[PDB]
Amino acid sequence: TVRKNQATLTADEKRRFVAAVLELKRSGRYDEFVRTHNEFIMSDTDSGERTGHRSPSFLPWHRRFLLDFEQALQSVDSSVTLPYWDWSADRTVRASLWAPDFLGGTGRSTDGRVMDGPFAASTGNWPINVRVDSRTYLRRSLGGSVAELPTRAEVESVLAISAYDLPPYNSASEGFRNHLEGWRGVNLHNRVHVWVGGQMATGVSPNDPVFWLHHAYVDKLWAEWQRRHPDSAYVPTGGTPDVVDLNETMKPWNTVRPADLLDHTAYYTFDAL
């Protein structure tokens, strides 16, 4: 299983990835990933239980969520893997990512509606069902609510942080995890969600297929951090209320721990790390 930079996919691989995503949507499976994510967004809080977000388990949680989604894609087409979007490099609305043969482009200015690509509402193939904003069409406003995607220099400063995470293990923390997540500092992962806009800026952000490519690159950055800091590892390592410690299991699966997810190579490799 090799996760490739989206920019490098062949036309055949783009076609097959799109078709596999649209089949998970058609069969009803896709929308339950949107629902799960929103349930965790809404329940993960800085002063109580927190598992998928604003906590050390942000990274292994999204790694296991993306694996569940990749395995569902592979149950439709075994050749498909999740690509990643290096937003530090492919940073404009002209990136091939946003072309009509892949994810389609930005939304029109009146109502944010995406008008091209396979996920445009007009195709009839991408109803937005799990939602808060009552509109049922995919929306985006690339670069509308924040002017720029992170740069490579910004990513490198976060990558340079040696501690995985620090007490109080939440959105106030210093350390790598919270700087990558983006609640402190120059802001990597949260800013990308804000930059895409539309559903990607909300708790039902997996409604946009770019969600997966965004988190696959966040996931790659955790792998690169590990290569940079082989002396550093997941914390906390035991007895922390409300936070998933290294060897504690994670909801919703209950059968996997951060410890089981630290090494991505047990599940996939990258085109280049």
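The first residue of the sequence shown is number 1, and the count goes up from there.
query: As stated in the PDB record, which stretch has the larger average Cα B-factor, 119-127 or 172-180?
result: Per the PDB entry, the higher value belongs to 172-180.
task: Could you settle it for me: does 98-106 or 140-148 have the higher average Cα B factor in the PDB entry?
output: Taking the mean C-alpha B-factor of 98-106 and of 140-148, the larger value falls to 140-148.
query: Which of these has the highest Cα B-factor in the record: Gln199, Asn190, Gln71, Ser88?
result: Answer, based on the entry's C-alpha B-factors: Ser88.
C-alpha B-factor winner, where the candidates are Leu82, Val194, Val114, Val93: Of the candidates given, the C-alpha B-factor peaks at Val93.
message: Ranking every modelled residue in this chain by its Cα temperature factor as given in the entry, which third contains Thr36?
response: Its C-alpha B-factor, which the entry lists for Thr36, ranks in the middle third among residues of this chain.
task: Just say lowest, middle or highest third for the CA B-factor of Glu23 relative to the other modelled residues in its chain.
output: It falls in the bottom third of the chain.
message: Quick check for you: using the entry's CA B-factors within this chain, is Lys220 in the lowest, middle or highest third?
response: Lowest third.
message: For the chain shown, is the CA B-factor of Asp245 in the lowest, middle or highest third of its modelled residues?
response: Tercile = middle for this residue's CA B-factor.
task: Report the third (lowest, middle or highest) to which the CA temperature factor of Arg29 belongs, ranking only the modelled residues of the same chain.
output: Lowest third, going by the recorded CA B-factors of the chain.
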